[PDB]
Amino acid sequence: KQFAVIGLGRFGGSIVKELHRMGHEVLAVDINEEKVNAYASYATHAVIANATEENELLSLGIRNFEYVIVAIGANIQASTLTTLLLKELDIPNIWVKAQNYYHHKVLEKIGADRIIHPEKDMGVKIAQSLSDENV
C-alpha cells in the first residue's frame, strides 16, 4: 500500500508525479530542500532528510512503508548505505536505481529486491515498442 521515494531527481521525481496522477499517496524525500519543494504539491508529504542518518529515517516513519524506492544518483555511497539501512528495518520491498555494473552487483548482494537501470531498461522497452509496430 505505502509508497516512499528517496531521491527526487528526474527518475525519482518522475515516479512521484506519476503516483500522484494515478491518485496514489506518496511520501517524497530528499536532502536538498529545493528538490523537496519542487515536488511538495505532488506528494502527501514531502520531507527534507539525509536518508543515510538512521535517526532521520525513524523520525520519518519509513519503516512503516511497503515499498521504498531509492533513487539517489551520483552519490553511489549514500545509495548503498541507504538500502543497507532500509534492509535493517526490514522494508518489504526496496527497489534501487543502479548507477553502474559494480553498483548493481553490490545492490544485488545487499538486499535490493529490484535493480533499475533507466538507460538499459528503457532500451528494451523501445525495442519492444518497435516490434509492436506490426503487432
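Each form is matched to the other, and the largest set of C-alpha atoms that superpose within 1.5 Å is called the rigid core. Quick note: we count residues from 1 along the sequence shown, nothing fancier.
The rigid core fit leaves 125-133 as the farther-lying stretch in 5 other deposited structures of this protein, judged by Cα positions and set against 125-133 and 3-11.
The PDB entry records a higher mean C-alpha B factor for 14-22 than for its counterpart among 120-128 and 14-22.
For the two regions 27-35 and 78-86, the entry's Cα B-factors average higher over 27-35. Looking at 60, 71, 107, 51, the one whose CA carries the top B-factor in the deposited record is 60.
The deposited CA B-factor of residue 93 belongs to the lowest third of values across its chain.
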